[PDB]
């Protein structure tokens, strides 16, 4: 079969990295009237990615013709799948022509195809590297229109190009986008923001007088912690690296940060999504049986990730650490409720429970309506997540909650819910175990009603390392 033959020959062409032969085989299929499939086109897009940008001649046929092949696949109305977007982007990156990368995205739109975030990258970053803000903002507007949401790298690039071209309005807007979408910024972005606030353009932007009611109504309207009405005040900024104390008080300026509310409607949307995602991955009857059990149990003040409590910082499962965490949670519960312990059934039956009194205790918790043993093959993460969300209560786990399945939960609501609900344990020699409670303020970029800014750096473990903030306050 000829379609099937071209495949074999393109799969073979190549592990070898032979672009000139893939381009020959491409042309031959069209001379033979063999219609290229999704698969053929993808391999061909990949193979062309391997070509390099001619630093000393007119561009090479591999990259150059790669864009041609891309264009033709779309004309042919061959549907793109995830590999198509990836390879198309590699091709764009390798070529490093932002205008040609932008063309590929325009072509996709013209044929009713939704570009991916990675499709926009080579265009956005290309224009930003070249200092072409006007084109960078075109790409940004295109992405907004296609409903593709930027991540921190795209925002930071937009921030820097706005700084480079002295555009104080676009800096403001991008900082608001960082607040809304990212919350806590990387070391790179943090340093960039610090430069912005100490810069001549920042010193020279602002207003001496403004409508206080306008700001007040914007604060209420935006949900808290910002106003979005523009730079306030005048003159040089005092810009310091600082920390918040445990109550959210800036150690530099003594402003107390805001605790920003989560809208209960968002929480109910998230709970529905969580249940849908869990039932796609669990045996549906197993998850449903837990949902039904939970409906008949509680109330709960806390839910414990039993496997994480037994294992975090241990060389093997510590019933001590789990049990001490149960006791601690019950002690801080105003009415002394036992926490809901989520644990695999395997664990309920043999170390923990190697020792008869530990096994009896596990059964006692179950009998108290405070332990659910998840069935073999289940991922218990869905279970403790769903319980904490549904019971609207604390979640005790030191799981990072960022990798694998946790990426499925998104990067707006879930991180905000996490900060309000997650309790983590720490241990010291002098004191033993401690529960680290949610902060009484929101760890996010905040803009105060008088235009003062507080910007938090993102950190891997804010109990291990002390989180740095930027305090930017007008000097007069």
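Numbering follows the first chain given and starts at 1. In this text, rigid core is short for the largest set of C-alphas that superpose within 1.5 Å between two forms.
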Quiz item: Core-superposed in 7 other deposited structures of this protein, which stretch deviates more in Cα positions, 10 to 18 or 453 to 461?
Solution: 10 to 18
Self-check item: Greater Cα displacement in 7 other deposited structures of this protein once the core is superposed, comparing 398 to 406 with 271 to 279
Solution: 398 to 406
Quiz item: Among the other compared PDB entries, is residue 352 dropped in a third or more?
Solution: yes
Self-check item: Per the entry, higher mean C-alpha B factor between 336 to 344 and 219 to 227
Solution: 219 to 227
Self-check item: Average Cα temperature factor in the PDB entry - higher stretch of 203 to 211, 148 to 156
Solution: 203 to 211
Quiz prompt | Largest Cα B-factor, entry values, listed residues 433, 54, 443, 409 | solution = 54
Exercise. Sort 139, 353, 385, 181 by C-alpha B-factor from the entry and give me just the highest.
Key: 353
Practice problem: Could you look up the Cα B-factor of residue 419 in the entry and say which third of the chain it sits in: lowest, middle or highest? | Solution: lowest
Quiz item: According to the PDB entry, is the CA B factor of residue 448 in the bottom, middle or top third of its chain, that is, lowest, middle or highest?
Solution: middle
Quiz item: For residue 129, does the deposited CA B-factor place it in the lowest, middle or highest third of the chain?
Solution: highest
Quiz item: Among the chain's modelled residues, which third holds the C-alpha B-factor of residue 403?
Solution: highest
Self-check item: residue 295 - Cα temperature factor, lowest/middle/highest third of chain
Solution: lowest
